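Q: Okay, handing you the structure first.
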Amino acid sequence: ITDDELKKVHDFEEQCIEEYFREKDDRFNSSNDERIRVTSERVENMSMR
Amino acid sequence: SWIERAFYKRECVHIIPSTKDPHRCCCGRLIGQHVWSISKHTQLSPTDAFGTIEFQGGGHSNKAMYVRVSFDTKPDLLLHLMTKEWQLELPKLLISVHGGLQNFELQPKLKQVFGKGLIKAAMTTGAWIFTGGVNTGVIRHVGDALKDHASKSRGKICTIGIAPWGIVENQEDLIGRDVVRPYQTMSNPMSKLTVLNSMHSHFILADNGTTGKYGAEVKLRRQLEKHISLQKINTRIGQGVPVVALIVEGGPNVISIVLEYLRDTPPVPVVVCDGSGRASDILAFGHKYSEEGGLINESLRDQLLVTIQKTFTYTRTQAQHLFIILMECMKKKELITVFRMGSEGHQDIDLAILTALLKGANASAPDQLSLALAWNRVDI
Amino acid sequence: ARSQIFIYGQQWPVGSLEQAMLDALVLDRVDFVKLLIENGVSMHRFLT
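Protein chains in written order, with the entry's author numbering: chain G, 1162 to 1210; chain P, 30 to 64, 92 to 436; chain C, 437 to 484.
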């Protein structure tokens, strides 16, 4: 590759690596399993309050 | 190569007046570091500082374009630069964020709600955010808001900040012609100069020749906002782009900025926030205790005078002058939208901002519907 | 260390953050490395 298209390839790789990590985080929180964990913590803090 | 041949710059070639410190000139630079025309005698030259900035450190890596532009340039050249060379489409909304240059801290809930509002407003309408450029105060809060937005979801918020060229730290690090220059986020607490905000997208550096002093960017930013607002929006029903003015905290100068926004053809709505303090809090206390606009009785007038003289530590005549400026602002009381934490103040930044834009246009409901269609906001 | 030491208005000696990075790297503290990168330390200027 030429140095100009090397940079374009390079920033393409950073769009992909950010979109992969972000997605993994969104699919973790959409997880029913985590929509239940993060509900329980809250419920207790309203129960004492 | 068009940027060097189209945009110009100015450098300090003066008689070196010492004033207080013999090394510090009228431009504030060192006496041997040299190399308007009144007392600075500046010369005009093609620019040597433009391109791309790679923000090293500060968590996420973000690349922001920059260009050093003379302060007396014409907005059509700059607007053509953003539309063509930076490949930025014409925005459906312009937001002008003003505030205090000193650093301040807000309530955590207020900061979170203001940040979420600014992020969602600049996402849904595809707006442009205009800040002060450097990483001080309200622009630092906007930078933390852009941290959050990016940290949570993807999105390219166009957040063109306009800063003085002579006040940014490491001016030699940003010297190049279409070259990617690394930048350091570290800000020396001893140095009076402040670094640029790491989470911005474009930077219109405005050199008036001087270093370490403000005022080199306000007129250029205002005339660029005017030149943007005279451009017609893509609906072609007969309206330009809407301009809002978000005010967080601020000092004595932002009242004059608000007065310049109100007493303008066409008028610009102003949205303020409560709980930050200083000029925004006195604006809110004026707005709740106002009756029929400029009809303010004596007791709240004296309360406003003593709160101005207490918070801003001004004299009696300075507080009186600021109160006349407040009343001249208060004549156009319908344009100001005050956001309040809690209560019934729309419970969100964005309903307040978009409602303020809708009644700041003050046009027919076809024009409001075309604005909402351009912003892709069915709920509003 | 995030809430107290890296609070706003904290003065830092020159070269102290690079020595703190060198101590964090050898003592397998990945969260402290993440904190220091986010607080302005750049790896390009640190690594020799």
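Every residue, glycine too, gets a C-beta built ideally from N, C-alpha and C.
So which of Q62/P, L202/P, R58/P and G211/P has the shortest CA-CA distance to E1180/G?
A: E1180/G has its Cα closest to that of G211/P, out of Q62/P, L202/P, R58/P and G211/P.
Q: Go through its chain and collect everything with a Cβ distance to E225/P's Cβ below 6 Å, but skip five positions before and after it.
A: Cβ within range, chain order: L249 and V251.
Q: May I ask you to report which of helix, strand or coil DSSP gives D1194/G?
A: Helix, per DSSP.
Q: Which of helix, strand or coil does DSSP assign to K269/P?
A: If DSSP states are grouped into helix, strand and coil, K269/P belongs with coil.
Q: Check the Cβ-Cβ distances between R1183/G and every residue of chain P, and say whether any is below 8 Å.
A: With 8 Å as the cut-off, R1183/G counts as an interface residue toward chain P.
Q: When Cβ atoms are compared, which residues of the stretch 203-223 of chain P fall closer than 8 Å to chain G?
A: If the cut-off is 8 Å between Cβ atoms, the stretch 203-223 of chain P has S209 and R210 near chain G.
Q: Are there 16 or more other CB atoms within 10 angstroms of the CB of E347/P, so buried, or fewer, so exposed?
A: It counts as exposed.
Q: At a cut of 8 Å, does the stretch 180-197 of chain P reach the stretch 297-305 of chain P through at least three beta carbon pairs?
A: Flag = yes, the stretch 180-197 of chain P and the stretch 297-305 of chain P touch.
Q: Counting only runs of 4+ residues fully inside the stretch 102-184 of chain P, write out the alpha helix (DSSP H) ranges in chain order.
A: Within the stretch 102-184 of chain P, the complete alpha helix (DSSP H) runs of at least 4 residues are 131-136 and 164-180.
Q: Rounded to the nearest angstrom, what separates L413/P and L1167/G at their Cα positions?
A: Approximately 44 Å between the Cα atoms of the pair.
Q: Report yes if the CB atom of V450/C is closer than 8 Å to the CB atom of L461/C, and no otherwise.
A: Not closer than 8 Å, so no.
Q: So with Cβ pairs under 8 Å, would you call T250/P a contact of chain D?
A: No chain D is part of this structure, whose protein chains are labelled G, P and C.
Q: State buried or exposed for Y317/P, treating a residue as buried only when at least 16 other CB atoms are found within 10 Å of its CB.
A: Label assigned to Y317/P: buried.
Q: Grab the span of the beta strand (DSSP E) containing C329/P for me, first residue to last.
A: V326 to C329 is the span of the beta strand (DSSP E), which, as asked, contains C329/P.
Q: When the cut-off is 8 Å and only beta carbons count, does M138/P lie next to chain C?
A: No, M138/P does not count as interfacial toward chain C.
Q: How would you list, in chain order, the residues of chain P whose beta-carbon sits under 9 Å from the beta-carbon of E1195/G?
A: By Cβ distance, chain P contributes nothing, its closest Cβ being about 15 Å from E1195/G, past 9 Å.
Q: Taking its Cβ as the centre, do 16 or more other Cβ atoms sit within 10 Å of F395/P, making it buried, or is it exposed?
A: Buried: at least 16 other Cβ atoms inside 10 Å.
Q: List, in order along the chain, the chain P residues whose C-beta lies closer than 8 Å to that of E1180/G?
A: In chain order: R210.
Q: Kindly list the residues whose CB is nearer than 6 Å to the CB of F160/P, restricted to its own chain and excluding five residues on each side of it in sequence; keep chain order.
A: Excluding positions up to five away in sequence, the list reads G193 and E305.
Q: Could you pull out every residue in the same chain whose Cβ sits closer than 7 Å to the Cβ of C56/P, ignoring the five residues on either side in sequence?
A: The residues are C41, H43, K96, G265, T266 and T267.
Q: Are the beta-carbon atoms of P131/P and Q279/P separated by less than 8 Å?
A: Contact flag set, yes.
Q: Which of the three DSSP states, helix, strand or coil, is assigned to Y444/C?
A: Note: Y444/C maps to coil in three-state DSSP.
Q: Assuming the contact rule is C-beta atoms closer than 8 Å, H256/P and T291/P should be a hit. Round their C-beta distance to whole Å, please.
A: The pair is not a contact, with the Cβ atoms about 29 Å apart (cut-off 8 Å).
Q: Might you give, ordered along the chain, the residues of its own chain that have their beta carbon closer than 7 Å to the beta carbon of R438/C, omitting 5 neighbours on each side?
A: Here the set comprises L471.
Q: Near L230/P, what residues of its chain come up, given a Cβ to Cβ distance below 6 Å and the 5 sequence neighbours on each side ignored?
A: Excluding positions up to five away in sequence, the list reads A105 and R237.
Q: Taking all protein chains shown into account, decide if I1162/G is buried (16 or more other Cβ within 10 angstroms of its Cβ) or exposed.
A: That one is exposed.
Q: What does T241/P reach in chain C if we use C-beta pairs closer than 7 Å?
A: By Cβ distance, chain C contributes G476.
Q: Tell whether a beta-carbon distance below 8 Å holds between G173/P and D406/P.
A: Yes, they are a contact pair.
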